[PDB]
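Student: Questions regarding the structure given below will be posed in turn.
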Amino acid sequence: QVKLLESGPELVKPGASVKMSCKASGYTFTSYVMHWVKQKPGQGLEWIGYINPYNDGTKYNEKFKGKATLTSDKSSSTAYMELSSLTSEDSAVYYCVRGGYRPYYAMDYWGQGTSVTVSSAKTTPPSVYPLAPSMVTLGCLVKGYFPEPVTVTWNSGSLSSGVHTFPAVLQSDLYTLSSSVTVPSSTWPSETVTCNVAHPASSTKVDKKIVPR
Amino acid sequence: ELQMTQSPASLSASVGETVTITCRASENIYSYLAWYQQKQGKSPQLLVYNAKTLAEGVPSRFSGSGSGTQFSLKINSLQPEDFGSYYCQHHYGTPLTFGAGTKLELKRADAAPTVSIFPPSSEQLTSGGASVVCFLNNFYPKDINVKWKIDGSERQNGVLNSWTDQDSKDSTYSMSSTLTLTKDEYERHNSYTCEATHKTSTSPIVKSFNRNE
DNA sequence: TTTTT
């Protein structure tokens with residue numbers, strides 16, 4: 001099957017450069033161009049350009065010429081995009097997208113995307129606080145961490161419906177996120193409810209059981 | 001450069017209903033117009049190309065048309081899986097440009113939020129901080145106003161608000177509002193109130209708690 | 001240079 005494997009989230013300082021990769025498989029790498037599209041948080045799509053792996057030829061969106069550099073490696077079927085002189089405007093998710101049968105055809109296979117965060121803020125592990133009060137709503141406050149993302153689950157996935165995990169909000173260089181879970185009141189606290197929080201950037205995991213005040 | 005214009009920016013519809021969204025090219029592009037569907041948190045998927053040609057796998061209830069500068073995408077008898085965002089993009093040479101998108105959400109009857117308030121956790125208080133959390137869960141429409149009052153006076157500083165995307169099971173929205181204070185300021189007041197004003201009532205919904213209690 | 005790959 002056609003697969004596009006992109007590199008993981010990146011945190012980089014303003015003014016530095018970042019390079020991400022897109023390893024293809026499932027087709028003749030050199031038979032299709034590879035486009036790159038930018039998508040800022042909760043915003044539209046913007047075409048950056050493409051490269052033709054077959055001949056290393058490149059077409060750029062003028063706004064990106066001199067900013068983005070598209071390369072390609074036939075031996076490893078991998079396409080790269082480098083961005084220089086990063087600013088906050090560059091924080092966004094970047095996708096490599098396989099072109100159609102012909103370069104001018106509509107793009108058809110989008111990768112999962114590489115999230116890029118441009119900031120001088122330092123990696124900070126989260127503090128995790130319990131939110132304790134015929135349904136009862138409980139919760140978990142994940143505060144002061146950087147960068148994104150953190151994952152939050154309840155009872156390691158056994159509690160899935162009745163859960164609302166809210167998008168993190170940045171404040172003074174640190175993110176804060178909350179998650180609520182609603183369970184039958186009779187079941188709590190006789191049946192334990194625990195939030196499991198993971199923050200891969202600081203290699204931190206925290207399990208917090210919610211107990212009655 | 002060439003500019004695309006999509007309308008409407010947002011639309012609400014019911015399952016089984018038929019709707020039409022539009023895209024306008026600043027310059028003639030003939031029939032070289034593609035439409036992409038992007039689900040919340042997913043990568044875009046190609047739906048149509050050449051303005052009227054459905055990509056492989058795309059259901060026939062989808063129907064694109066137009067040519068030149070005015071295009072429309074019609075969806076007959078909408079299904080649950082159709083809600084999300086839609087972007088048009090011309091594929092008439094480079095640079096490629098996208099419309100700003102149309103967010104297609106599910107319509108449901110109005111519903112008041114289920115509001116829960118939580119005082120700072122003893123844990124957090126030991127670190128010098130005091131966050132007060134309020135969940136306004138499963139309400140509709142998305143538009144809502146939250147206010148924090150301390151001993152009667154509204155507090156505007158240190159409030160962090162975050163909204164979830166529409167729930168795919170019940171078509172509602174949820175919101176989390178966190179009022180962050182320092183522990184010693186928290187200890188100087190007794191009454192804390194989360195106040196929500198929603199379309200569903202003239203009387204704001206209120207949840208309160210007293211520190212000394 | 002415009003789509004059954």
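Residues in the structure tokens are named by chain (A, B, ... in the order shown) and by number from 1 within that chain; ligands are numbered from 1 in the order shown.
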With chain C as the partner and 8 Å as the cut-off, tabulate the residues of chain A that qualify, each row holding the nearest pair of atoms and their distance in Å to one decimal, using only C-alpha atoms (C1' of nucleotides), sorted by chain and rising number, as a Markdown table.
Tutor:
| residue | atom | partner | partner_atom | distance |
| --- | --- | --- | --- | --- |
| A:101 | CA | C:3 | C1' | 7.1 |
| A:102 | CA | C:2 | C1' | 7.9 |
| A:104 | CA | C:2 | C1' | 6.5 |
| A:105 | CA | C:2 | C1' | 6.0 |
Student: For those residues, write C-alpha atoms to a file as a PDB file, in the first residue's frame.
Tutor:
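Output saved as out_31.pdb:
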ATOM      1  CA  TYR A 101      -0.191  10.389 -12.124  1.00  0.00           C
ATOM      2  CA  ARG A 102       0.995  13.702 -13.612  1.00  0.00           C
ATOM      3  CA  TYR A 104      -0.545  18.953 -12.621  1.00  0.00           C
ATOM      4  CA  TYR A 105      -3.029  16.350 -11.368  1.00  0.00           C
TER       5      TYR A 105
END
Student: Report as a list in words all protein, DNA and RNA residues lying within 6 Å of segment 132-138 of chain A, evaluated on only C-alpha atoms (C1' of nucleotides), omitting residues in the same chain fewer than 2 positions from it.
Tutor: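 The residues that qualify are residues 180, 181, 182, 183, 184 and 185 of chain A; 118 of chain B.
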Student: Keeping only N, CA and C atoms, take the residues you just selected and write them out as a tab-separated table (two decimals), in the first residue's frame.
Tutor:
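So the final result, stored in again37.tsv, reads:
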chain	number	residue	atom	x	y	z
A	180	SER	N	-12.04	15.72	31.34
A	180	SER	CA	-13.10	15.32	32.26
A	180	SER	C	-13.61	13.93	31.93
A	181	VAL	N	-14.11	13.22	32.94
A	181	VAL	CA	-14.71	11.92	32.72
A	181	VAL	C	-15.96	11.83	33.60
A	182	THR	N	-17.05	11.36	33.00
A	182	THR	CA	-18.32	11.25	33.71
A	182	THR	C	-18.67	9.78	33.87
A	183	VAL	N	-18.83	9.34	35.12
A	183	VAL	CA	-19.15	7.96	35.44
A	183	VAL	C	-20.40	7.87	36.34
A	184	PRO	N	-21.00	6.67	36.45
A	184	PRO	CA	-22.18	6.52	37.31
A	184	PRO	C	-21.77	6.87	38.75
A	185	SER	N	-22.55	7.69	39.44
A	185	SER	CA	-22.19	8.08	40.81
A	185	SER	C	-22.08	6.92	41.78
B	118	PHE	N	-14.66	22.73	40.10
B	118	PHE	CA	-13.68	22.04	40.94
B	118	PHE	C	-12.71	23.01	41.61
Student: Could you write out, as a ChimeraX atom specification, all the residues of chain B that DSSP marks as strand (DSSP E or B)?
Tutor: /B:4-7,10-13,19-25,33-38,45-49,53-54,62-67,70-75,84-90,98,102-106,111,114-118,129-140,144-150,153-155,159-163,173-182,191-198,205-210
Student: Would you write out, as a tab-separated table, a table of all residues in chain A that have an atom no more than 7 Å from an atom of chain B, listing for each the closest atom pair and the distance in Å to one decimal, considering only C-alpha atoms and ordering rows by chain and rising residue number?
Tutor:
residue	atom	partner	partner_atom	distance
A:44	CA	B:100	CA	5.4
A:45	CA	B:98	CA	6.2
A:46	CA	B:98	CA	6.6
A:47	CA	B:96	CA	6.1
A:61	CA	B:95	CA	5.5
A:104	CA	B:93	CA	5.7
A:105	CA	B:91	CA	6.2
A:106	CA	B:91	CA	5.8
A:108	CA	B:46	CA	5.6
A:110	CA	B:43	CA	6.3
A:112	CA	B:43	CA	6.0
A:129	CA	B:121	CA	6.4
A:130	CA	B:121	CA	6.3
A:131	CA	B:118	CA	6.0
A:132	CA	B:118	CA	6.7
A:133	CA	B:118	CA	5.9
A:166	CA	B:164	CA	5.6
A:167	CA	B:162	CA	6.1
A:169	CA	B:162	CA	6.8
Student: Write out as a list in words which residues come within 7 Å of residue 110 of chain B when counting only C-alpha atoms (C1' of nucleotides), dropping same-chain ones fewer than 3 positions away.
Tutor: residues 140, 141 and 200 of chain B
Student: Taking only C-alpha atoms (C1' of nucleotides) into account, which of B:18, B:31, B:69, B:5 comes nearest chain C?
Tutor: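 Ranked by minimum distance to chain C, first place goes to B:31.
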Student: Go through A:179, A:1, A:190, A:31 one by one, measure the shortest atom-to-atom distance of each to residue 99 of chain A using only C-alpha atoms, and give the residue with the smallest value.
Tutor: A:31
Student: Determine which residues of segment 35-157 of chain A DSSP labels as helix (DSSP H, G or I) from the backbone of this structure, then write them out as a list in words.
Tutor: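 Listing helix (DSSP H, G or I) positions across segment 35-157 of chain A yields residues 62, 63, 64, 88, 89, 90, 155, 156 and 157 of chain A.
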Student: Using only C-alpha atoms (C1' of nucleotides), which protein or nucleic acid residues come within 6 Å of residue 130 of chain B? Drop anything in the same chain fewer than 4 positions from it, and give the result as a PyMOL selection string.
Tutor: chain B and resi 120+125+180-183
Student: Filtering to N, CA and C atoms, could you give me those residues as a tab-separated table (two decimals), in the first residue's frame?
Tutor:
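Output below, filename again32.tsv:
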chain	number	residue	atom	x	y	z
B	120	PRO	N	-9.23	24.14	43.68
B	120	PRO	CA	-7.81	23.78	43.53
B	120	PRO	C	-7.59	22.48	44.30
B	125	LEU	N	-2.11	23.32	45.75
B	125	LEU	CA	-1.98	24.35	46.77
B	125	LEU	C	-0.61	24.27	47.44
B	180	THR	N	-6.81	30.59	37.02
B	180	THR	CA	-5.59	30.34	37.80
B	180	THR	C	-5.19	31.52	38.67
B	181	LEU	N	-4.96	31.23	39.95
B	181	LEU	CA	-4.60	32.22	40.94
B	181	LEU	C	-3.37	31.73	41.70
B	182	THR	N	-2.79	32.60	42.51
B	182	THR	CA	-1.70	32.16	43.36
B	182	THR	C	-2.45	31.63	44.57
B	183	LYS	N	-1.83	30.71	45.29
B	183	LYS	CA	-2.43	30.15	46.48
B	183	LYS	C	-2.77	31.25	47.51
Student: Residues near residue 40 of chain A, anyone? I mean within 7 Å using only C-alpha atoms (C1' of nucleotides), not counting same-chain ones fewer than 2 positions away, as a ChimeraX atom specification.
Tutor: /A:38,42-44,91-93
